[PDB]
Amino acid sequence: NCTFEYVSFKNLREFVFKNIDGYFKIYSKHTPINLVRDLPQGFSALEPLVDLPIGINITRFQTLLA
Amino acid sequence: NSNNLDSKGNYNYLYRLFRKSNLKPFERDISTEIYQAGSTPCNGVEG
Amino acid sequence: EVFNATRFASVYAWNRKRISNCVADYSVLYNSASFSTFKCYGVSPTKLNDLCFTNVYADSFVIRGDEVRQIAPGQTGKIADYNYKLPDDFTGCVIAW
Amino acid sequence: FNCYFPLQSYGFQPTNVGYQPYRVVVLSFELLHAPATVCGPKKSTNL
Amino acid sequence: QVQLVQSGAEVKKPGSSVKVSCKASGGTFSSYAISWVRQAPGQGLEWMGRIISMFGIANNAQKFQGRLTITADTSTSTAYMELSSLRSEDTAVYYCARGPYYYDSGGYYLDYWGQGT
Amino acid sequence: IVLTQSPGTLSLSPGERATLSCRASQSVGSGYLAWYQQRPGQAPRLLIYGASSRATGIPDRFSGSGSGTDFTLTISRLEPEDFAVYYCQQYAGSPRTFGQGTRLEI
Ligand SMILES: *[C@@H]1O[C@H](CO)[C@@H](O)[C@H](O)[C@H]1NC(C)=O
């Protein structure tokens with residue numbers, strides 16, 4: 001029931017969170033932007049960070065803000 | 001069935017096991033291969 | 001590090017340590033002879049280094065010599081069952097020193 | 001015959017020899033649809 | 001039930017050959033891994049050999065290797081020993097051994113011993 | 001290999017809980033040692049086999065234990081007929097080897 005604790009507007013942070021075949025994947029990208037209103041007309045490629053075995057029937061997600 | 005001609009306890013039948021890792025088809029193998037399977041000591045009375 | 005810890009917990013309070021994301025040399029465990037009993041049924045110790053599973057839970061505790069004899073499969077007695085049970089069914093090497 | 005506190009104690013002493021303590025660790029081995037987090041190493045061979 | 005008859009005590013000149021019997025009466029002979037032993041007066045007993053009756057093959061203990069020949073005669077249900085190059089120190093009482101070593105059955109060491117030569 | 005016993009002779013009157021230990025110099029397996037009992041002017045008789053694997057046909061009073069480098073044979077309830085000489089015996093690899101012997105006296 002628990003697993004490996006993994007230690008590790010002027011800028012835009014992009015994340016793609018997908019769970020595939022029980023393998024949980026983190027994609028991150030940091031880019032500087034000046035258009036604070038809406039998404040810029042830019043191309044960003046998301047690359048893997050780490051892989052993790054959660055593997056459940058995820059149906060909801062909460063963002064957490066300070 | 002062999003209950004008629006055998007099964008008295010009858011221990012006559014012997015089957016070879018760990019002596020050979022694998023084995024080619026249709027050869028008869030009678031080699032004793034004294035104590036082989038996998039170990040650091042060899043060739044004696046080993047437990 | 002687990003074995004060389006100064007104090008182990010009592011047999012009733014068996015510490016459950018989850019094992020993941022680490023390399024285990026089962027073959028070195030078998031070849032090393034400081035470990036007094038390395039009884040094995042499930043998998044051949046030479047191939048053990050090769051074979052790898054996802055989830056391992058390891059149990060640590062201390063008992064008497066007689067109870068080390070008593071904690072054996074297919075045997076009936078006092079300590080074996082009463083306070084910390086090892087099920088008949090599990091696939092898991094029993095290592096005692 | 002009333003109560004009998006269940007947590008009786010092992011007595012360990014170096015003169016005690018049938019009562020000599022031996023240390024046992026139990027490993028449980030199981031796999032369920034996850035990366036093999038336990039592994040066996042393989043050395044580098046010179047290229 | 002099982003017993004191995006002892007002979008009348010023997011004295012031999014050094015360098016000769018001695019034959020010691022080992023009788024089996026009763027039970028299912030040729031299944032057990034028959035062995036061999038002896039004990040010097042005032043000294044502990046020492047093992048010499050092992051004979052697999054079915055394949056009639058034997059091995060010799062290091063200290064006595066090259067001097068002891070062990071064979072098993074299935075027809076007479078007996079175990080035989082041949083010792084050559086006898087010296088002065090070799091004199092002692094000699095015993096015979098049996099007990100079953102099967103394969104993965106455990107119980108490699110067992111009694112089934114007799115009385116002597 | 002040397003099978004170190006406890007002790008060469010123990011001069012004990014009947015009834016003690018006697019640990020007749022045997023300590024092989026190198027680890028000999030925890031189901032791999034055996035003890036033999038020789039009656040006076042006789043041939044030894046097996047009492048415990050495979051270190052802890054209780055020999056069939058034998059009463060519980062004799063019981064072998066231990067593992068690793070230190071092994072133990074236990075006498076739980078000494079009886080008058082238990083005075084005798086006992087020999088341990090290597091059961092792992094290599095030729096059968098016997099200890100220098102322990103004579104149990106009254
Ligand atoms: C997680 O699983 C273990 C397995 O037995 C269980 O003991 C524990 O109670 C579970 N977690 C919670 C919060 O109940």
# chains A, B, ... in the order shown; residues from 1 in each chain; ligands from 1

call {"tool": "residues_near_ligand", "arguments": {"ligand": "ligand 1", "cutoff": "12 Å", "atoms": "only C-alpha atoms and all ligand atoms", "output": "list in words"}}
result
residues 1, 2 and 3 of chain A; 16, 17, 18 and 57 of chain C

call {"tool": "write_last_selection", "arguments": {"atoms": "N, CA, C and O atoms", "output": "mmCIF file, in the first residue's frame"}}
result
data_model
loop_
_atom_site.group_PDB
_atom_site.id
_atom_site.type_symbol
_atom_site.label_atom_id
_atom_site.label_comp_id
_atom_site.auth_asym_id
_atom_site.auth_seq_id
_atom_site.Cartn_x
_atom_site.Cartn_y
_atom_site.Cartn_z
ATOM 1 N N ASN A 1 0.741 -1.260 0.000
ATOM 2 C CA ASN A 1 0.000 0.000 0.000
ATOM 3 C C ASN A 1 0.779 1.325 0.000
ATOM 4 O O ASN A 1 0.176 2.398 0.086
ATOM 5 N N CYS A 2 2.108 1.259 -0.093
ATOM 6 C CA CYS A 2 2.924 2.460 -0.218
ATOM 7 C C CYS A 2 4.190 2.084 -0.986
ATOM 8 O O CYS A 2 4.544 0.904 -1.052
ATOM 9 N N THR A 3 4.890 3.056 -1.564
ATOM 10 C CA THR A 3 6.050 2.680 -2.376
ATOM 11 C C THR A 3 7.128 3.755 -2.227
ATOM 12 O O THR A 3 7.142 4.532 -1.266
ATOM 13 N N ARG C 16 7.665 -4.609 9.810
ATOM 14 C CA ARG C 16 7.408 -4.913 8.409
ATOM 15 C C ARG C 16 8.083 -3.848 7.559
ATOM 16 O O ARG C 16 7.710 -2.671 7.612
ATOM 17 N N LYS C 17 9.083 -4.256 6.789
ATOM 18 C CA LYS C 17 9.833 -3.343 5.943
ATOM 19 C C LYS C 17 9.481 -3.648 4.495
ATOM 20 O O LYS C 17 9.481 -4.813 4.078
ATOM 21 N N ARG C 18 9.111 -2.620 3.749
ATOM 22 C CA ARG C 18 8.768 -2.816 2.355
ATOM 23 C C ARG C 18 10.066 -2.715 1.578
ATOM 24 O O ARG C 18 10.897 -1.844 1.849
ATOM 25 N N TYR C 57 7.957 -7.922 0.881
ATOM 26 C CA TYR C 57 7.790 -7.494 2.262
ATOM 27 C C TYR C 57 8.646 -8.423 3.107
ATOM 28 O O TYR C 57 8.494 -9.647 3.036
#

call {"tool": "interface_residues", "arguments": {"of": "chain D", "to": "chain F", "cutoff": "9 Å", "atoms": "only C-alpha atoms", "output": "MDAnalysis selection string"}}
result
chainID D and resid 17:18 20 22

call {"tool": "interface_residues", "arguments": {"of": "chain C", "to": "chain D", "cutoff": "6 Å", "atoms": "only C-alpha atoms", "output": "PyMOL selection string"}}
result
chain C and resi 20-24+49-50+52-60+62-65+91-97

call {"tool": "residues_around", "arguments": {"residues": "range 40-43 of chain A", "least_positions_apart": "6", "cutoff": "12 Å", "atoms": "only C-alpha atoms", "output": "number ranges by chain"}}
result
A: 9, 11-12, 14, 29-34

call {"tool": "write_last_selection", "arguments": {"atoms": "N, CA, C and O atoms", "output": "compact mmCIF listing (two decimals), in the first residue's frame"}}
result
# COMPACT_ATOMS: atom_id res chain seq x y z
N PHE A 9 3.17 37.09 -15.35
CA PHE A 9 3.85 35.83 -15.64
C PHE A 9 5.08 36.04 -16.51
O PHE A 9 5.03 36.71 -17.54
N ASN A 11 7.52 33.10 -16.67
CA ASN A 11 7.88 31.75 -17.08
C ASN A 11 6.63 30.88 -17.06
O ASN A 11 5.80 30.99 -16.15
N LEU A 12 6.50 30.01 -18.06
CA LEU A 12 5.37 29.10 -18.19
C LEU A 12 5.84 27.67 -17.98
O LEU A 12 6.81 27.23 -18.61
N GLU A 14 4.77 23.71 -18.21
CA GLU A 14 3.87 22.79 -18.89
C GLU A 14 4.07 21.37 -18.39
O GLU A 14 5.21 20.88 -18.33
N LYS A 29 8.11 20.91 -18.70
CA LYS A 29 8.79 21.84 -19.59
C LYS A 29 8.61 23.26 -19.05
O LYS A 29 7.48 23.65 -18.72
N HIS A 30 9.70 24.01 -18.95
CA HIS A 30 9.68 25.39 -18.48
C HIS A 30 10.06 26.31 -19.64
O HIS A 30 11.09 26.11 -20.28
N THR A 31 9.22 27.31 -19.90
CA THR A 31 9.47 28.26 -20.99
C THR A 31 9.09 29.68 -20.58
O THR A 31 8.12 29.89 -19.85
N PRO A 32 9.89 30.67 -20.99
CA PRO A 32 9.53 32.08 -20.72
C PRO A 32 8.49 32.61 -21.69
O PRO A 32 8.60 32.42 -22.91
N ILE A 33 7.47 33.28 -21.15
CA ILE A 33 6.39 33.84 -21.95
C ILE A 33 6.11 35.26 -21.46
O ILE A 33 6.39 35.60 -20.30
N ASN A 34 5.58 36.09 -22.35
CA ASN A 34 5.16 37.44 -21.98
C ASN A 34 3.66 37.67 -22.03
O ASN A 34 3.19 38.65 -21.45

call {"tool": "closest_residue", "arguments": {"among": "E:90, E:10, E:44, E:73", "to": "residue 86 in chain F", "atoms": "only C-alpha atoms"}}
result
E:44

call {"tool": "atom_distance", "arguments": {"atom1": "CA of residue 28 in chain F", "atom2": "CA of residue 4 in chain F"}}
result
12.9 Å

call {"tool": "interface_residues", "arguments": {"of": "chain B", "to": "chain C", "cutoff": "10 Å", "atoms": "only C-alpha atoms", "output": "list in words"}}
result
residues 38, 39 and 40 of chain B

call {"tool": "residues_around", "arguments": {"residues": "residue 38 in chain F", "least_positions_apart": "2", "cutoff": "10 Å", "atoms": "only C-alpha atoms", "output": "PDB file with N, CA and C atoms, in the first residue's frame"}}
result
ATOM      1  N   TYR F  36      25.567 -40.050  17.502  1.00  0.00           N
ATOM      2  CA  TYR F  36      25.480 -41.500  17.645  1.00  0.00           C
ATOM      3  C   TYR F  36      25.786 -41.863  19.097  1.00  0.00           C
ATOM      4  N   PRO F  40      28.164 -49.481  26.211  1.00  0.00           N
ATOM      5  CA  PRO F  40      29.473 -49.998  26.652  1.00  0.00           C
ATOM      6  C   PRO F  40      29.854 -51.295  25.947  1.00  0.00           C
ATOM      7  N   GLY F  41      31.060 -51.316  25.386  1.00  0.00           N
ATOM      8  CA  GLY F  41      31.551 -52.482  24.652  1.00  0.00           C
ATOM      9  C   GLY F  41      30.624 -52.930  23.544  1.00  0.00           C
ATOM     10  N   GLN F  42      30.107 -51.989  22.765  1.00  0.00           N
ATOM     11  CA  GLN F  42      29.111 -52.293  21.742  1.00  0.00           C
ATOM     12  C   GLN F  42      29.462 -51.420  20.533  1.00  0.00           C
ATOM     13  N   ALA F  43      28.499 -51.203  19.641  1.00  0.00           N
ATOM     14  CA  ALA F  43      28.406 -50.446  18.407  1.00  0.00           C
ATOM     15  C   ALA F  43      27.454 -49.276  18.608  1.00  0.00           C
ATOM     16  N   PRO F  44      27.792 -48.088  18.103  1.00  0.00           N
ATOM     17  CA  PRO F  44      26.954 -46.909  18.360  1.00  0.00           C
ATOM     18  C   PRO F  44      25.566 -47.017  17.752  1.00  0.00           C
ATOM     19  N   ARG F  45      24.633 -46.278  18.358  1.00  0.00           N
ATOM     20  CA  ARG F  45      23.229 -46.249  17.963  1.00  0.00           C
ATOM     21  C   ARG F  45      22.799 -44.818  17.667  1.00  0.00           C
ATOM     22  N   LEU F  46      22.237 -44.601  16.477  1.00  0.00           N
ATOM     23  CA  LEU F  46      21.789 -43.271  16.077  1.00  0.00           C
ATOM     24  C   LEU F  46      20.658 -42.771  16.972  1.00  0.00           C
ATOM     25  N   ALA F  84      26.297 -43.027  28.893  1.00  0.00           N
ATOM     26  CA  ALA F  84      26.791 -43.650  27.670  1.00  0.00           C
ATOM     27  C   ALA F  84      27.779 -42.702  27.006  1.00  0.00           C
ATOM     28  N   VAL F  85      28.386 -43.118  25.898  1.00  0.00           N
ATOM     29  CA  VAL F  85      29.269 -42.249  25.133  1.00  0.00           C
ATOM     30  C   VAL F  85      28.555 -41.840  23.850  1.00  0.00           C
ATOM     31  N   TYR F  86      28.655 -40.553  23.532  1.00  0.00           N
ATOM     32  CA  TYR F  86      27.988 -39.934  22.398  1.00  0.00           C
ATOM     33  C   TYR F  86      29.004 -39.307  21.459  1.00  0.00           C
ATOM     34  N   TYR F  87      28.784 -39.492  20.162  1.00  0.00           N
ATOM     35  CA  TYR F  87      29.703 -39.026  19.137  1.00  0.00           C
ATOM     36  C   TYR F  87      28.890 -38.180  18.169  1.00  0.00           C
ATOM     37  N   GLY F 101      34.795 -37.790  20.990  1.00  0.00           N
ATOM     38  CA  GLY F 101      33.868 -38.477  21.862  1.00  0.00           C
ATOM     39  C   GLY F 101      33.596 -37.811  23.191  1.00  0.00           C
ATOM     40  N   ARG F 103      32.082 -38.922  26.884  1.00  0.00           N
ATOM     41  CA  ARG F 103      31.656 -39.976  27.793  1.00  0.00           C
ATOM     42  C   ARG F 103      30.850 -39.314  28.905  1.00  0.00           C
TER      43      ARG F 103
END

call {"tool": "closest_atom_pairs", "arguments": {"of": "chain B", "to": "chain F", "cutoff": "6 Å", "atoms": "only C-alpha atoms", "output": "Markdown table"}}
result
| residue | atom | partner | partner_atom | distance |
| --- | --- | --- | --- | --- |
| B:44 | CA | F:94 | CA | 5.9 |
| B:45 | CA | F:94 | CA | 5.5 |
| B:46 | CA | F:93 | CA | 3.7 |
| B:47 | CA | F:92 | CA | 4.4 |

call {"tool": "write_last_selection", "arguments": {"atoms": "N, CA and C atoms", "output": "PDB file, in the first residue's frame"}}
result
ATOM      1  N   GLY B  44      32.837 -36.359  -3.978  1.00  0.00           N
ATOM      2  CA  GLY B  44      32.949 -37.073  -2.720  1.00  0.00           C
ATOM      3  C   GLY B  44      31.596 -37.515  -2.220  1.00  0.00           C
ATOM      4  N   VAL B  45      31.477 -37.629  -0.901  1.00  0.00           N
ATOM      5  CA  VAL B  45      30.204 -37.898  -0.245  1.00  0.00           C
ATOM      6  C   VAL B  45      29.711 -36.525   0.199  1.00  0.00           C
ATOM      7  N   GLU B  46      28.753 -35.957  -0.536  1.00  0.00           N
ATOM      8  CA  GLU B  46      28.352 -34.573  -0.316  1.00  0.00           C
ATOM      9  C   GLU B  46      26.866 -34.460   0.011  1.00  0.00           C
ATOM     10  N   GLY B  47      26.553 -33.589   0.967  1.00  0.00           N
ATOM     11  CA  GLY B  47      25.200 -33.366   1.441  1.00  0.00           C
ATOM     12  C   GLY B  47      24.373 -32.276   0.788  1.00  0.00           C
TER      13      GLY B  47
END

call {"tool": "closest_atom_pairs", "arguments": {"of": "chain B", "to": "chain E", "cutoff": "12 Å", "atoms": "only C-alpha atoms", "output": "Markdown table"}}
result
| residue | atom | partner | partner_atom | distance |
| --- | --- | --- | --- | --- |
| B:9 | CA | E:28 | CA | 9.9 |
| B:10 | CA | E:28 | CA | 10.1 |
| B:11 | CA | E:31 | CA | 8.2 |
| B:12 | CA | E:31 | CA | 8.7 |
| B:13 | CA | E:31 | CA | 11.1 |
| B:14 | CA | E:103 | CA | 10.4 |
| B:15 | CA | E:103 | CA | 10.4 |
| B:16 | CA | E:103 | CA | 9.9 |
| B:17 | CA | E:103 | CA | 9.4 |
| B:18 | CA | E:103 | CA | 10.3 |
| B:19 | CA | E:103 | CA | 11.7 |
| B:30 | CA | E:55 | CA | 9.8 |
| B:31 | CA | E:55 | CA | 10.2 |
| B:32 | CA | E:55 | CA | 8.5 |
| B:33 | CA | E:57 | CA | 11.6 |
| B:34 | CA | E:57 | CA | 9.8 |
| B:35 | CA | E:103 | CA | 11.4 |
| B:43 | CA | E:59 | CA | 9.5 |
| B:44 | CA | E:59 | CA | 7.7 |
| B:45 | CA | E:50 | CA | 8.5 |
| B:46 | CA | E:108 | CA | 9.8 |
| B:47 | CA | E:108 | CA | 8.0 |

call {"tool": "write_last_selection", "arguments": {"atoms": "N, CA and C atoms", "output": "compact mmCIF listing (two decimals), in the first residue's frame"}}
result
# COMPACT_ATOMS: atom_id res chain seq x y z
N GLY B 9 6.02 -52.72 -0.25
CA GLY B 9 6.13 -51.69 -1.26
C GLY B 9 7.18 -52.00 -2.31
N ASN B 10 6.86 -51.73 -3.57
CA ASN B 10 7.77 -52.00 -4.67
C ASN B 10 8.59 -50.74 -4.95
N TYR B 11 9.91 -50.85 -4.79
CA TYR B 11 10.85 -49.75 -5.01
C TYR B 11 11.81 -50.01 -6.16
N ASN B 12 11.52 -50.99 -7.02
CA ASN B 12 12.48 -51.37 -8.06
C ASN B 12 12.73 -50.28 -9.09
N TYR B 13 11.76 -49.41 -9.34
CA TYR B 13 11.92 -48.46 -10.48
C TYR B 13 12.71 -47.20 -10.11
N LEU B 14 13.76 -46.91 -10.90
CA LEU B 14 14.63 -45.73 -10.62
C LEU B 14 14.51 -44.73 -11.77
N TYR B 15 14.32 -43.44 -11.47
CA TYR B 15 14.31 -42.40 -12.53
C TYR B 15 15.43 -41.39 -12.27
N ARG B 16 16.26 -41.10 -13.28
CA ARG B 16 17.40 -40.15 -13.14
C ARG B 16 16.88 -38.70 -13.14
N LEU B 17 17.51 -37.80 -12.37
CA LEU B 17 16.95 -36.42 -12.25
C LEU B 17 17.94 -35.30 -12.59
N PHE B 18 18.70 -34.79 -11.60
CA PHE B 18 19.53 -33.58 -11.81
C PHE B 18 20.89 -33.83 -12.47
N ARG B 19 21.24 -35.07 -12.81
CA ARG B 19 22.61 -35.34 -13.34
C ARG B 19 22.87 -34.55 -14.63
N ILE B 30 23.46 -44.04 -19.07
CA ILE B 30 23.72 -44.87 -17.90
C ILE B 30 24.83 -44.29 -17.04
N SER B 31 25.40 -43.15 -17.45
CA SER B 31 26.56 -42.58 -16.78
C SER B 31 26.21 -42.14 -15.36
N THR B 32 27.06 -42.50 -14.41
CA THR B 32 26.76 -42.24 -13.00
C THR B 32 26.91 -40.76 -12.66
N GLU B 33 28.00 -40.14 -13.10
CA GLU B 33 28.24 -38.69 -13.02
C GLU B 33 28.14 -38.21 -11.57
N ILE B 34 29.10 -38.69 -10.77
CA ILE B 34 28.93 -39.12 -9.37
C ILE B 34 28.11 -38.13 -8.56
N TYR B 35 28.63 -36.91 -8.41
CA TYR B 35 27.91 -35.83 -7.73
C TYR B 35 28.18 -34.59 -8.57
N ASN B 43 32.98 -34.17 -5.94
CA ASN B 43 33.56 -35.52 -6.12
C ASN B 43 33.87 -36.21 -4.78
N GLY B 44 32.84 -36.36 -3.98
CA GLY B 44 32.95 -37.07 -2.72
C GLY B 44 31.60 -37.52 -2.22
N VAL B 45 31.48 -37.63 -0.90
CA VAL B 45 30.20 -37.90 -0.24
C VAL B 45 29.71 -36.52 0.20
N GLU B 46 28.75 -35.96 -0.54
CA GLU B 46 28.35 -34.57 -0.32
C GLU B 46 26.87 -34.46 0.01
N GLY B 47 26.55 -33.59 0.97
CA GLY B 47 25.20 -33.37 1.44
C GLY B 47 24.37 -32.28 0.79

call {"tool": "interface_residues", "arguments": {"of": "chain A", "to": "chain D", "cutoff": "10 Å", "atoms": "only C-alpha atoms", "output": "MDAnalysis selection string"}}
result
chainID A and resid 3:4 21:23 51:55

call {"tool": "write_last_selection", "arguments": {"atoms": "C-alpha atoms", "output": "compact mmCIF listing (two decimals), in the first residue's frame"}}
result
# COMPACT_ATOMS: atom_id res chain seq x y z
CA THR A 3 6.05 2.68 -2.38
CA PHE A 4 9.30 4.53 -3.18
CA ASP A 21 -0.37 0.37 -18.41
CA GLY A 22 0.03 1.02 -14.69
CA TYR A 23 3.16 3.11 -15.41
CA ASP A 51 8.13 6.32 -13.99
CA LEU A 52 6.02 5.04 -11.08
CA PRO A 53 3.65 2.07 -10.38
CA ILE A 54 0.46 3.49 -8.88
CA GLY A 55 -2.01 1.61 -11.11

call {"tool": "select_by_dssp", "arguments": {"residues": "chain E", "states": "strand (DSSP E)", "output": "ChimeraX atom specification"}}
result
/E:18-20,34-39,45-52,57-60,68-73,78-83,93-97

call {"tool": "atom_distance", "arguments": {"atom1": "CA of residue 30 in chain C", "atom2": "CA of residue 27 in chain F"}}
result
13.0 Å

call {"tool": "closest_residue", "arguments": {"among": "C:3, C:12, C:35, C:26", "to": "residue 82 in chain C", "atoms": "only C-alpha atoms"}}
result
C:12
